[PDB]
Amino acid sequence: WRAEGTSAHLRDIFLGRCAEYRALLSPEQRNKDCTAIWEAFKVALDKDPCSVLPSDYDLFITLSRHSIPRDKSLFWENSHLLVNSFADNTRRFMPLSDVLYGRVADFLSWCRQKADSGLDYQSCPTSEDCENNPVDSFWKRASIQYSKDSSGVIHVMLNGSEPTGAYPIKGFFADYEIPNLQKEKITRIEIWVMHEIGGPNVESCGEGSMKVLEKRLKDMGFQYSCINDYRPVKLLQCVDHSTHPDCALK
């Protein structure tokens, strides 16, 4: 297996994050049984590390699903850490990692051992080793649910300094989220193309892969919009480059 091995103390982390997230839910949706949510999740750990399907996590989703506030959904590609810091524990936006079912697994890794019943802490299959691995199937199911329950203004953060372009045509965003957006519940889609401070400007709005994305969205009938270096996020990037010209204050 060519991917990271199972996260140590997976269960405690999972249960801990689930318990803390509950406090964020409103009393009306605060009724979530974390132990049951974990039991539904661990079903993938009883299977062959190459035989886990997205549907296997259906129960898990049913037990953790909760609504997402309108205009608060934030999708992304190649900017995991920046999205989490910007979203700031749901205060600014609510990306998948800030939704219950995404929160419990964010950055974690897991899979059962090939021939044994125990968890494999050595490594886990990548999409290259096999398509139906536990992690990939998990995110496909979770991202599908996140897209379906999103509404209002849809925000997307992309990396304009990524060597392969801002929009990867084969990513989760392209294959599992865009196709599941409910047009009737969406006002418009707003893209944020962020560049590293001083970093390379590989692609900006309307260039390269960004043209492919815009064309797909408009063809699908969505009202579209793109912003290079959305100021609020730029300010956050600047926290680490305060003495750089890009970050000088008036």
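Residue indices: 1-based, along the sequence shown.
Stretches 8 to 16 and 21 to 29 differ in mean C-alpha B factor, with the higher average recorded for 21 to 29. Between the stretches 179 to 187 and 62 to 70, it is 179 to 187 that shows the larger average CA temperature factor. Comparing the listed residues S117, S137, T164, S151, the entry records the largest Cα B-factor for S117.
In the deposited coordinates, the residue among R103, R141, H155, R91 with the greatest CA B-factor is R91. Among the modelled residues of the chain, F75 sits in the lowest third by CA temperature factor in this PDB entry. Placement of the Cα temperature factor of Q223 within the chain: highest third of the modelled residues, per the deposited record.
When the modelled residues of the chain are ordered by their C-alpha B factor, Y146 lands in the lowest third.
Sorting the modelled residues of the chain by their CA temperature factor places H195 in the lowest third. In the PDB entry, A40 places in the lowest third of its chain by CA B-factor.
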